Amino acid sequence: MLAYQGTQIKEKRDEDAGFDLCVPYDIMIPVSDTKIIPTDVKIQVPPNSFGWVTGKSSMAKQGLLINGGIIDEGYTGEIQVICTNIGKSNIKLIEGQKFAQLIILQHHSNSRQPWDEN
Amino acid sequence: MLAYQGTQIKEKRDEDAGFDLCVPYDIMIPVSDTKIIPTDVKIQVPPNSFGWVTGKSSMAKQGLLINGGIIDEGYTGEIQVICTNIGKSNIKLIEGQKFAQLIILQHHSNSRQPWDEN
Amino acid sequence: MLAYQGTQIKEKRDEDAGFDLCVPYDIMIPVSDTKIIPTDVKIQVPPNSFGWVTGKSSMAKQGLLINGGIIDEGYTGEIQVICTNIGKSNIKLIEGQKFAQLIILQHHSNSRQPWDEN
Ligand SMILES: O=c1ccn([C@H]2C[C@H](O)[C@@H](COP(=O)(O)OP(=O)(O)O)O2)c(=O)[nH]1
Ligand SMILES: O=c1ccn([C@H]2C[C@H](O)[C@@H](COP(=O)(O)OP(=O)(O)O)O2)c(=O)[nH]1
Ligand SMILES: O=c1ccn([C@H]2C[C@H](O)[C@@H](COP(=O)(O)OP(=O)(O)O)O2)c(=O)[nH]1
Ligand SMILES: [Sr+2]
Ligand SMILES: [Sr+2]
Ligand SMILES: [Sr+2]
């Protein structure tokens, strides 16, 4: 479950894990560079959930790597996508195209317990 | 829960998170290249679940990076493993060896809610 | 839920997905190198759970990549963090600073089912 706003996120099919995120403008990412691509997307998830921004098969096969990608439940800004080209060729993203996906997960990172020495 | 077929996936121990995926043939991956390694593995997961193909500690320590890796519930093909060498040395994979693992997760990417302006 | 020990893990806020892991000593990571950074952190998670060591936004934006990162339920050692610099500049980590985060997830990688030919 989640709420979201923005024009750079597209409605998904039920059988896909994630929503596609769409590139805002044409941009070239030279070999070995890192670019921070802005989106207008903002999400609200339920307690103990988080958003995970990760790669698509079509851009991963060209060497685009999405790094970072953990969207905490308390974040109220716009998602930024951190992209590094680890391929051997310049990558050109075209306005509009899918270039990452957002998956919503639940974590259990809470309720610390006593260590069992057993 | 899942169903699977193929000879390149190995049965796992209960206390490990993922199934090992096995390299189909000897292959060298030069510094900075990307190779798409085919498996014969096919999986069926329950609704709102997905498979996650990600790295092993022994190959990550040599600079092998598994990229992409999100196996949607609707996919009915064979898993492909997208590998990039981000290390400083050529990597040689040997026929049979483990080189990635498949973990089954549930996502909550569905049931869009109204935004709370609160 | 989890138990943990060690001085290189910090208590978290409820609204963040993961615990920060803290660098043990000053260390420089040259462009394209890979370093294995030791922690003293040990965790115990419940059955069918795993720990996921992954990146922070502030270090991902400089080109630090955390690779591997899957901490199995049966592991009883100290977490090691595998770091590769995929940026274009040398990265300097300072003693004490956050440089990765640990998120606790549940997997469903178990209870193999019959394939449905339907
Ligand atoms: O790829 C990413 C990773 C993080 N964030 C946002 C959401 C996340 O909750 C916030 C974390 O920022 P921080 O707490 O200031 O940084 P750090 O992760 O370095 O602790 O940044 C993004 O938009 N994109
Ligand atoms: O590392 C990967 C990533 C994806 N896939 C398969 C499963 C996934 O469901 C499908 C997605 O292909 P697509 O929808 O055509 O591409 P995209 O992810 O670029 O939208 O590719 C793999 O086999 N290996
Ligand atoms: O980034 C990582 C990845 C793994 N591990 C630890 C926990 C994990 O359970 C164990 C796996 O070691 P292995 O079974 O010997 O290696 P492999 O993953 O190559 O099968 O290594 C770490 O400390 N850091
Ligand atoms: Sr798709
Ligand atoms: Sr193992
Ligand atoms: Sr933070």
# chains A, B, ... in the order shown; residues from 1 in each chain; ligands from 1
$ calpha_fit_and_write --fixed "chain C" --moving "chain B" --output "short mmCIF file (atom, residue, chain, number, x, y, z; two decimals) with N, CA, C and O atoms, in the first residue's frame"
data_model
loop_
_atom_site.label_atom_id
_atom_site.label_comp_id
_atom_site.auth_asym_id
_atom_site.auth_seq_id
_atom_site.Cartn_x
_atom_site.Cartn_y
_atom_site.Cartn_z
N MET B 1 12.28 -7.54 13.90
CA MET B 1 12.88 -7.91 15.21
C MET B 1 14.30 -8.42 15.00
O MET B 1 14.54 -9.19 14.06
N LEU B 2 15.22 -8.13 15.92
CA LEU B 2 16.56 -8.68 15.85
C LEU B 2 17.25 -8.47 17.20
O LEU B 2 16.74 -7.63 17.95
N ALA B 3 18.36 -9.16 17.38
CA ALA B 3 19.26 -8.80 18.47
C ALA B 3 20.55 -8.36 17.78
O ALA B 3 20.88 -8.89 16.69
N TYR B 4 21.36 -7.51 18.42
CA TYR B 4 22.65 -7.16 17.84
C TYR B 4 23.65 -6.78 18.94
O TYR B 4 23.22 -6.39 20.03
N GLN B 5 24.92 -6.81 18.56
CA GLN B 5 25.99 -6.38 19.47
C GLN B 5 26.97 -5.61 18.57
O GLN B 5 27.03 -5.91 17.35
N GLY B 6 27.80 -4.80 19.19
CA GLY B 6 28.91 -4.12 18.53
C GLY B 6 28.88 -2.63 18.73
O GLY B 6 27.81 -2.02 18.99
N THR B 7 30.00 -1.97 18.51
CA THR B 7 30.00 -0.51 18.74
C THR B 7 29.85 0.16 17.38
O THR B 7 29.60 1.36 17.34
N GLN B 8 29.97 -0.56 16.25
CA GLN B 8 29.90 0.16 14.97
C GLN B 8 28.50 0.19 14.38
O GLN B 8 28.34 0.26 13.15
N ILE B 9 27.47 0.02 15.16
CA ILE B 9 26.09 0.07 14.65
C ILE B 9 25.43 1.14 15.55
O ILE B 9 25.69 1.06 16.76
N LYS B 10 24.62 2.03 15.07
CA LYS B 10 24.01 3.07 15.90
C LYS B 10 22.52 2.86 16.02
O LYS B 10 21.86 2.47 15.02
N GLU B 11 21.90 3.19 17.17
CA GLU B 11 20.45 3.11 17.32
C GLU B 11 19.76 3.97 16.28
O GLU B 11 20.30 4.99 15.89
N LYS B 12 18.58 3.59 15.80
CA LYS B 12 18.01 4.31 14.66
C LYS B 12 16.72 5.01 15.09
O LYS B 12 16.14 4.53 16.08
N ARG B 13 16.18 5.85 14.28
CA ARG B 13 14.82 6.38 14.46
C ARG B 13 13.82 5.40 13.88
O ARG B 13 14.10 4.70 12.88
N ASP B 14 12.57 5.44 14.41
CA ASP B 14 11.59 4.47 13.94
C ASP B 14 11.26 4.67 12.45
O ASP B 14 11.02 3.68 11.78
N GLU B 15 11.29 5.92 11.99
CA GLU B 15 10.88 6.23 10.63
C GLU B 15 11.95 6.04 9.56
O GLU B 15 11.71 6.37 8.40
N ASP B 16 13.13 5.52 9.94
CA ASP B 16 14.20 5.20 8.99
C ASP B 16 14.17 3.68 8.82
O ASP B 16 13.80 2.91 9.71
N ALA B 17 14.57 3.24 7.60
CA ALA B 17 14.51 1.81 7.32
C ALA B 17 15.62 1.03 7.97
O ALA B 17 15.45 -0.23 8.08
N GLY B 18 16.78 1.62 8.19
CA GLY B 18 17.97 0.80 8.50
C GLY B 18 18.76 1.46 9.66
O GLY B 18 18.59 2.62 9.98
N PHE B 19 19.67 0.70 10.21
CA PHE B 19 20.62 1.15 11.22
C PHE B 19 21.85 1.61 10.42
O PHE B 19 22.39 0.83 9.62
N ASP B 20 22.45 2.72 10.83
CA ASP B 20 23.76 3.11 10.28
C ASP B 20 24.84 2.23 10.89
O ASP B 20 24.84 1.93 12.10
N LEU B 21 25.81 1.90 10.03
CA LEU B 21 27.05 1.22 10.34
C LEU B 21 28.14 2.28 10.18
O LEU B 21 28.13 3.11 9.26
N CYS B 22 29.09 2.25 11.13
CA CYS B 22 30.07 3.30 11.33
C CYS B 22 31.45 2.82 10.96
O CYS B 22 31.85 1.67 11.22
N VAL B 23 32.27 3.57 10.22
CA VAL B 23 33.60 3.21 9.75
C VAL B 23 34.51 3.07 10.94
O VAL B 23 34.59 4.01 11.73
N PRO B 24 35.33 2.04 11.01
CA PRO B 24 36.14 1.77 12.19
C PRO B 24 37.39 2.65 12.21
O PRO B 24 37.92 2.82 13.30
N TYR B 25 37.95 3.12 11.12
CA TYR B 25 39.24 3.87 11.17
C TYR B 25 39.32 4.64 9.87
O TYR B 25 38.52 4.31 8.93
N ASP B 26 40.17 5.64 9.73
CA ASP B 26 40.31 6.41 8.52
C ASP B 26 40.79 5.52 7.38
O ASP B 26 41.68 4.69 7.60
N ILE B 27 40.19 5.71 6.21
CA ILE B 27 40.65 4.81 5.11
C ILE B 27 40.33 5.51 3.81
O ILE B 27 39.28 6.14 3.62
N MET B 28 41.28 5.41 2.88
CA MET B 28 41.10 6.00 1.56
C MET B 28 40.77 4.91 0.55
O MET B 28 41.29 3.80 0.64
N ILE B 29 39.79 5.17 -0.33
CA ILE B 29 39.52 4.08 -1.31
C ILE B 29 39.70 4.68 -2.70
O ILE B 29 38.97 5.57 -3.15
N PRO B 30 40.81 4.33 -3.33
CA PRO B 30 41.19 4.85 -4.64
C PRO B 30 40.18 4.45 -5.72
O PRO B 30 39.49 3.43 -5.62
N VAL B 31 40.06 5.27 -6.76
CA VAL B 31 39.20 4.97 -7.90
C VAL B 31 39.35 3.55 -8.36
O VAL B 31 40.44 2.98 -8.47
N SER B 32 38.24 2.85 -8.58
CA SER B 32 38.21 1.47 -8.96
C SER B 32 38.71 0.48 -7.95
O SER B 32 38.71 -0.71 -8.30
N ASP B 33 39.12 0.83 -6.75
CA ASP B 33 39.54 -0.29 -5.88
C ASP B 33 38.35 -0.82 -5.09
O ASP B 33 37.35 -0.09 -4.95
N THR B 34 38.56 -1.94 -4.46
CA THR B 34 37.60 -2.59 -3.62
C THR B 34 38.24 -2.81 -2.25
O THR B 34 39.38 -3.31 -2.25
N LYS B 35 37.59 -2.42 -1.17
CA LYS B 35 38.11 -2.68 0.16
C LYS B 35 37.07 -3.43 0.98
O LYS B 35 35.89 -3.11 0.85
N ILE B 36 37.55 -4.32 1.83
CA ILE B 36 36.62 -5.04 2.71
C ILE B 36 36.75 -4.40 4.10
O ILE B 36 37.85 -4.37 4.63
N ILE B 37 35.73 -3.65 4.51
CA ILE B 37 35.82 -2.96 5.80
C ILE B 37 35.16 -3.76 6.89
O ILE B 37 33.98 -4.10 6.93
N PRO B 38 35.94 -4.07 7.92
CA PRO B 38 35.47 -4.88 9.03
C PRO B 38 34.64 -4.10 10.01
O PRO B 38 34.72 -2.87 10.12
N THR B 39 33.61 -4.75 10.57
CA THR B 39 32.87 -4.13 11.65
C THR B 39 32.99 -5.11 12.83
O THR B 39 33.21 -6.30 12.65
N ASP B 40 32.53 -4.65 14.01
CA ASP B 40 32.42 -5.61 15.12
C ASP B 40 30.97 -5.98 15.30
O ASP B 40 30.52 -6.39 16.39
N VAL B 41 30.13 -5.78 14.27
CA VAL B 41 28.67 -5.95 14.53
C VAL B 41 28.22 -7.38 14.31
O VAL B 41 28.55 -7.97 13.26
N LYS B 42 27.44 -7.98 15.20
CA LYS B 42 26.91 -9.32 15.02
C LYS B 42 25.41 -9.24 15.32
O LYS B 42 25.03 -8.36 16.10
N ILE B 43 24.63 -10.00 14.54
CA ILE B 43 23.17 -9.85 14.65
C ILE B 43 22.58 -11.25 14.76
O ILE B 43 23.17 -12.22 14.29
N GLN B 44 21.40 -11.36 15.34
CA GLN B 44 20.63 -12.58 15.36
C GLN B 44 19.22 -12.22 14.87
O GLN B 44 18.61 -11.30 15.49
N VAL B 45 18.76 -12.83 13.80
CA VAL B 45 17.41 -12.51 13.30
C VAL B 45 16.56 -13.76 13.45
O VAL B 45 17.09 -14.86 13.52
N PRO B 46 15.27 -13.62 13.40
CA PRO B 46 14.31 -14.73 13.50
C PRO B 46 14.33 -15.54 12.19
O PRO B 46 14.94 -15.14 11.21
N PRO B 47 13.74 -16.71 12.22
CA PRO B 47 13.79 -17.67 11.14
C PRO B 47 13.19 -17.00 9.92
O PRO B 47 12.19 -16.27 10.00
N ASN B 48 13.71 -17.31 8.76
CA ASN B 48 13.25 -16.79 7.47
C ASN B 48 13.44 -15.28 7.39
O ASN B 48 12.80 -14.64 6.57
N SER B 49 14.37 -14.72 8.14
CA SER B 49 14.72 -13.30 7.99
C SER B 49 16.18 -13.19 7.55
O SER B 49 16.87 -14.20 7.52
N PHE B 50 16.63 -12.01 7.12
CA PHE B 50 18.03 -11.86 6.72
C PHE B 50 18.35 -10.38 6.94
O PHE B 50 17.42 -9.57 6.98
N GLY B 51 19.60 -10.03 7.04
CA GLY B 51 20.00 -8.63 7.08
C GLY B 51 20.50 -8.20 5.69
O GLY B 51 21.17 -8.97 4.99
N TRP B 52 20.27 -6.93 5.35
CA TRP B 52 20.66 -6.44 4.03
C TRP B 52 21.51 -5.16 4.32
O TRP B 52 21.01 -4.20 4.88
N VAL B 53 22.78 -5.29 3.95
CA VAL B 53 23.69 -4.14 4.11
C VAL B 53 23.70 -3.40 2.77
O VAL B 53 24.09 -4.02 1.79
N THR B 54 23.31 -2.13 2.74
CA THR B 54 23.20 -1.42 1.48
C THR B 54 23.59 0.04 1.69
O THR B 54 24.12 0.44 2.75
N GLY B 55 23.45 0.88 0.69
CA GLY B 55 24.11 2.21 0.68
C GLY B 55 23.28 3.30 1.34
O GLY B 55 22.07 3.19 1.49
N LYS B 56 23.97 4.37 1.70
CA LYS B 56 23.47 5.64 2.12
C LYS B 56 23.49 6.60 0.92
O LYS B 56 24.36 6.51 0.06
N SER B 57 22.60 7.59 1.03
CA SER B 57 22.52 8.54 -0.11
C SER B 57 23.76 9.39 -0.16
O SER B 57 24.34 9.64 -1.23
N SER B 58 24.27 9.79 1.04
CA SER B 58 25.43 10.69 0.98
C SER B 58 26.68 10.00 0.41
O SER B 58 27.53 10.71 -0.16
N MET B 59 26.90 8.71 0.65
CA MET B 59 28.12 8.08 0.08
C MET B 59 27.85 7.59 -1.33
O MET B 59 28.70 7.64 -2.22
N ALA B 60 26.62 7.17 -1.71
CA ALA B 60 26.29 6.75 -3.05
C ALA B 60 26.49 7.92 -4.01
O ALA B 60 26.99 7.73 -5.15
N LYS B 61 26.16 9.13 -3.57
CA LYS B 61 26.37 10.28 -4.46
C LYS B 61 27.85 10.56 -4.75
O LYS B 61 28.15 11.13 -5.80
N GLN B 62 28.74 10.05 -3.93
CA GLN B 62 30.18 10.18 -4.24
C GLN B 62 30.70 8.99 -4.97
O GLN B 62 31.93 8.91 -5.09
N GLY B 63 29.88 7.98 -5.34
CA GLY B 63 30.49 6.86 -6.07
C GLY B 63 30.88 5.68 -5.17
O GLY B 63 31.59 4.82 -5.69
N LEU B 64 30.51 5.66 -3.89
CA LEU B 64 30.82 4.48 -3.08
C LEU B 64 29.71 3.44 -3.37
O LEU B 64 28.52 3.79 -3.32
N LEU B 65 30.13 2.22 -3.70
CA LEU B 65 29.12 1.18 -3.89
C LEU B 65 29.26 0.08 -2.85
O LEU B 65 30.40 -0.40 -2.64
N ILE B 66 28.18 -0.29 -2.16
CA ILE B 66 28.27 -1.40 -1.20
C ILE B 66 27.90 -2.66 -1.99
O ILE B 66 26.76 -2.69 -2.51
N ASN B 67 28.70 -3.69 -2.10
CA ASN B 67 28.34 -4.84 -2.92
C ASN B 67 28.23 -6.08 -2.03
O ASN B 67 28.58 -6.03 -0.84
N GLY B 68 27.50 -7.08 -2.49
CA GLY B 68 27.29 -8.31 -1.68
C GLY B 68 26.14 -7.90 -0.72
O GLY B 68 25.02 -7.68 -1.12
N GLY B 69 26.39 -7.88 0.56
CA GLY B 69 25.48 -7.30 1.55
C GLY B 69 24.38 -8.26 2.07
O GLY B 69 23.56 -7.79 2.90
N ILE B 70 24.37 -9.54 1.75
CA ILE B 70 23.24 -10.37 2.20
C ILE B 70 23.73 -11.13 3.45
O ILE B 70 24.70 -11.87 3.35
N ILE B 71 23.14 -10.87 4.60
CA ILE B 71 23.60 -11.49 5.88
C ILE B 71 22.63 -12.61 6.26
O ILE B 71 21.46 -12.32 6.55
N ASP B 72 23.03 -13.88 6.08
CA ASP B 72 22.10 -14.96 6.24
C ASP B 72 21.75 -15.16 7.73
O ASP B 72 22.55 -14.87 8.61
N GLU B 73 20.59 -15.73 7.93
CA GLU B 73 20.15 -16.07 9.31
C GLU B 73 21.15 -16.98 10.02
O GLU B 73 21.38 -16.73 11.22
N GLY B 74 21.77 -17.95 9.36
CA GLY B 74 22.76 -18.81 10.02
C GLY B 74 24.10 -18.13 10.24
O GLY B 74 24.99 -18.75 10.87
N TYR B 75 24.32 -16.86 9.82
CA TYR B 75 25.74 -16.40 10.00
C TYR B 75 26.02 -16.02 11.43
O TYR B 75 25.27 -15.19 11.98
N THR B 76 27.09 -16.47 12.05
CA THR B 76 27.29 -16.01 13.44
C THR B 76 28.56 -15.17 13.52
O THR B 76 28.92 -14.82 14.63
N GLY B 77 29.21 -14.76 12.42
CA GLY B 77 30.36 -13.88 12.54
C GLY B 77 30.00 -12.41 12.63
O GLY B 77 28.85 -11.95 12.69
N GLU B 78 31.01 -11.58 12.38
CA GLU B 78 30.96 -10.14 12.34
C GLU B 78 30.70 -9.68 10.90
O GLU B 78 31.24 -10.32 9.97
N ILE B 79 29.82 -8.73 10.77
CA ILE B 79 29.50 -8.25 9.37
C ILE B 79 30.71 -7.61 8.75
O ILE B 79 31.31 -6.71 9.33
N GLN B 80 31.03 -7.92 7.51
CA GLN B 80 32.05 -7.26 6.76
C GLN B 80 31.34 -6.41 5.68
O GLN B 80 30.32 -6.84 5.14
N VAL B 81 31.91 -5.22 5.43
CA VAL B 81 31.22 -4.38 4.39
C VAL B 81 32.08 -4.33 3.17
O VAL B 81 33.24 -3.84 3.27
N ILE B 82 31.58 -4.75 2.00
CA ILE B 82 32.46 -4.82 0.83
C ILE B 82 32.29 -3.53 0.03
O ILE B 82 31.14 -3.35 -0.38
N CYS B 83 33.27 -2.64 -0.13
CA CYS B 83 33.05 -1.34 -0.74
C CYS B 83 33.88 -1.21 -2.02
O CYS B 83 35.07 -1.56 -1.94
N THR B 84 33.29 -0.71 -3.10
CA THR B 84 34.03 -0.46 -4.32
C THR B 84 33.78 0.98 -4.71
O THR B 84 32.68 1.52 -4.60
N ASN B 85 34.86 1.64 -5.15
CA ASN B 85 34.66 3.04 -5.58
C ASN B 85 34.38 2.99 -7.08
O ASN B 85 35.31 2.66 -7.85
N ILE B 86 33.21 3.41 -7.52
CA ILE B 86 32.90 3.35 -8.97
C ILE B 86 32.84 4.81 -9.42
O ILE B 86 32.27 5.12 -10.45
N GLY B 87 33.30 5.74 -8.62
CA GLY B 87 33.33 7.17 -8.98
C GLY B 87 34.64 7.52 -9.71
O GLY B 87 35.44 6.69 -10.12
N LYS B 88 34.88 8.82 -9.82
CA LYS B 88 36.03 9.26 -10.66
C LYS B 88 37.06 9.89 -9.73
O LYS B 88 38.07 10.43 -10.14
N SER B 89 36.72 9.90 -8.44
CA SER B 89 37.63 10.51 -7.46
C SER B 89 37.93 9.61 -6.28
O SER B 89 37.13 8.69 -6.00
N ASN B 90 39.09 9.73 -5.64
CA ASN B 90 39.43 8.98 -4.45
C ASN B 90 38.43 9.29 -3.33
O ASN B 90 37.90 10.39 -3.25
N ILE B 91 38.09 8.24 -2.60
CA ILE B 91 37.08 8.52 -1.52
C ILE B 91 37.80 8.34 -0.18
O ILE B 91 38.41 7.28 0.02
N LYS B 92 37.56 9.29 0.70
CA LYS B 92 38.21 9.20 2.00
C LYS B 92 37.14 8.93 3.05
O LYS B 92 36.24 9.75 3.12
N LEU B 93 37.19 7.85 3.81
CA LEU B 93 36.17 7.68 4.86
C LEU B 93 36.84 8.11 6.17
O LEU B 93 38.00 7.71 6.39
N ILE B 94 36.08 8.75 7.04
CA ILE B 94 36.69 9.24 8.29
C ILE B 94 36.19 8.36 9.40
O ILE B 94 34.99 8.18 9.51
N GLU B 95 37.09 7.98 10.31
CA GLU B 95 36.72 7.27 11.49
C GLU B 95 35.40 7.70 12.11
O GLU B 95 35.23 8.88 12.53
N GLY B 96 34.51 6.72 12.37
CA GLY B 96 33.23 7.07 13.01
C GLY B 96 32.08 7.30 12.02
O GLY B 96 30.89 7.23 12.43
N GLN B 97 32.30 7.82 10.83
CA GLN B 97 31.18 8.30 10.02
C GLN B 97 30.30 7.10 9.58
O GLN B 97 30.80 5.98 9.34
N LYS B 98 29.03 7.40 9.31
CA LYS B 98 28.15 6.40 8.68
C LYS B 98 28.66 6.11 7.29
O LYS B 98 29.20 6.97 6.55
N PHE B 99 28.60 4.86 6.85
CA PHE B 99 29.01 4.53 5.47
C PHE B 99 28.21 3.37 4.88
O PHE B 99 28.35 3.15 3.68
N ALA B 100 27.14 2.91 5.53
CA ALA B 100 26.28 1.89 4.97
C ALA B 100 25.11 1.73 5.99
O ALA B 100 25.24 2.30 7.09
N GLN B 101 24.09 1.00 5.65
CA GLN B 101 23.01 0.78 6.60
C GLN B 101 22.54 -0.67 6.49
O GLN B 101 22.74 -1.31 5.48
N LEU B 102 21.98 -1.14 7.60
CA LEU B 102 21.60 -2.52 7.71
C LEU B 102 20.07 -2.54 7.84
O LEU B 102 19.54 -1.84 8.71
N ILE B 103 19.41 -3.26 6.93
CA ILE B 103 17.95 -3.27 6.98
C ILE B 103 17.57 -4.72 7.24
O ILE B 103 18.23 -5.63 6.63
N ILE B 104 16.54 -5.00 8.04
CA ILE B 104 16.19 -6.43 8.32
C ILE B 104 14.95 -6.77 7.51
O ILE B 104 13.96 -6.05 7.57
N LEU B 105 14.99 -7.84 6.71
CA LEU B 105 13.84 -8.18 5.86
C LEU B 105 13.43 -9.63 6.17
O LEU B 105 14.25 -10.39 6.66
N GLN B 106 12.27 -10.05 5.73
CA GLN B 106 11.90 -11.46 5.73
C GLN B 106 11.93 -11.98 4.33
O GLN B 106 11.52 -11.19 3.47
N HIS B 107 12.39 -13.20 4.09
CA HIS B 107 12.32 -13.74 2.74
C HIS B 107 11.32 -14.91 2.78
O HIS B 107 10.86 -15.30 3.87
N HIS B 108 10.88 -15.30 1.60
CA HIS B 108 10.01 -16.50 1.49
C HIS B 108 10.73 -17.53 0.66
O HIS B 108 10.10 -18.18 -0.24
N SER B 109 12.05 -17.71 0.77
CA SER B 109 12.82 -18.64 -0.06
C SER B 109 12.80 -20.11 0.36
O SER B 109 13.87 -20.68 0.67
N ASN B 110 11.72 -20.81 0.46
CA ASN B 110 11.57 -22.06 1.23
C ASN B 110 10.23 -22.62 0.76
O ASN B 110 9.59 -22.06 -0.16
N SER B 111 9.81 -23.81 1.22
CA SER B 111 8.56 -24.44 0.85
C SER B 111 8.29 -24.49 -0.66
O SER B 111 7.32 -23.99 -1.23
N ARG B 112 9.14 -25.25 -1.31
CA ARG B 112 9.13 -25.45 -2.75
C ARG B 112 7.76 -26.06 -3.11
O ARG B 112 7.26 -26.90 -2.35
N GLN B 113 7.15 -25.67 -4.22
CA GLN B 113 5.82 -26.16 -4.57
C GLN B 113 5.97 -26.85 -5.92
O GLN B 113 6.97 -26.74 -6.63
N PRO B 114 4.94 -27.60 -6.24
CA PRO B 114 4.85 -28.25 -7.54
C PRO B 114 4.68 -27.17 -8.60
O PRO B 114 3.93 -26.24 -8.40
N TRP B 115 5.29 -27.31 -9.74
CA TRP B 115 5.09 -26.38 -10.85
C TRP B 115 3.68 -26.40 -11.40
O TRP B 115 3.16 -27.50 -11.64
N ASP B 116 3.00 -25.30 -11.66
CA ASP B 116 1.70 -25.35 -12.29
C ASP B 116 1.88 -25.16 -13.80
O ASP B 116 2.21 -24.08 -14.31
N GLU B 117 1.59 -26.24 -14.55
CA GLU B 117 1.62 -26.23 -16.00
C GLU B 117 0.51 -25.39 -16.62
O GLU B 117 0.68 -25.00 -17.77
N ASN B 118 -0.52 -25.01 -15.87
CA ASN B 118 -1.62 -24.20 -16.38
C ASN B 118 -1.16 -23.00 -17.20
O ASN B 118 -2.03 -22.16 -17.53
#
$ select_by_dssp --residues "chain C" --states "alpha helix (DSSP H)" --output "PyMOL selection string"
chain C and resi 57-60
$ select_by_dssp --residues "chain C" --states "strand (DSSP E)" --output "MDAnalysis selection string"
chainID C and resid 3:5 19:22 27:29 34:38 42:44 49:54 64:67 70:71 80:85 91:93 98:106
$ write_last_selection --atoms "C-alpha atoms" --output "compact mmCIF listing (two decimals), in the first residue's frame"
# COMPACT_ATOMS: atom_id res chain seq x y z
CA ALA C 3 19.26 -8.80 18.47
CA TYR C 4 22.65 -7.16 17.84
CA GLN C 5 25.99 -6.38 19.47
CA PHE C 19 20.62 1.15 11.22
CA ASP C 20 23.76 3.11 10.28
CA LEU C 21 27.05 1.22 10.34
CA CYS C 22 30.07 3.30 11.33
CA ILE C 27 40.65 4.81 5.11
CA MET C 28 41.10 6.00 1.56
CA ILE C 29 39.52 4.08 -1.31
CA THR C 34 37.60 -2.59 -3.62
CA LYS C 35 38.11 -2.68 0.16
CA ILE C 36 36.62 -5.04 2.71
CA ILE C 37 35.82 -2.96 5.80
CA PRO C 38 35.47 -4.88 9.03
CA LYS C 42 26.91 -9.32 15.02
CA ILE C 43 23.17 -9.85 14.65
CA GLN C 44 20.63 -12.58 15.36
CA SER C 49 14.72 -13.30 7.99
CA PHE C 50 18.03 -11.86 6.72
CA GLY C 51 20.00 -8.63 7.08
CA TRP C 52 20.66 -6.44 4.03
CA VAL C 53 23.69 -4.14 4.11
CA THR C 54 23.20 -1.42 1.48
CA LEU C 64 30.82 4.48 -3.08
CA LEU C 65 29.12 1.18 -3.89
CA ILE C 66 28.27 -1.40 -1.20
CA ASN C 67 28.34 -4.84 -2.92
CA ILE C 70 23.24 -10.37 2.20
CA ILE C 71 23.60 -11.49 5.88
CA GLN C 80 32.05 -7.26 6.76
CA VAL C 81 31.22 -4.38 4.39
CA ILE C 82 32.46 -4.82 0.83
CA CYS C 83 33.05 -1.34 -0.74
CA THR C 84 34.03 -0.46 -4.32
CA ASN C 85 34.66 3.04 -5.58
CA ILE C 91 37.08 8.52 -1.52
CA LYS C 92 38.21 9.20 2.00
CA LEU C 93 36.17 7.68 4.86
CA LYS C 98 28.15 6.40 8.68
CA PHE C 99 29.01 4.53 5.47
CA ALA C 100 26.28 1.89 4.97
CA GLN C 101 23.01 0.78 6.60
CA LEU C 102 21.60 -2.52 7.71
CA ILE C 103 17.95 -3.27 6.98
CA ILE C 104 16.19 -6.43 8.32
CA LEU C 105 13.84 -8.18 5.86
CA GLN C 106 11.90 -11.46 5.73
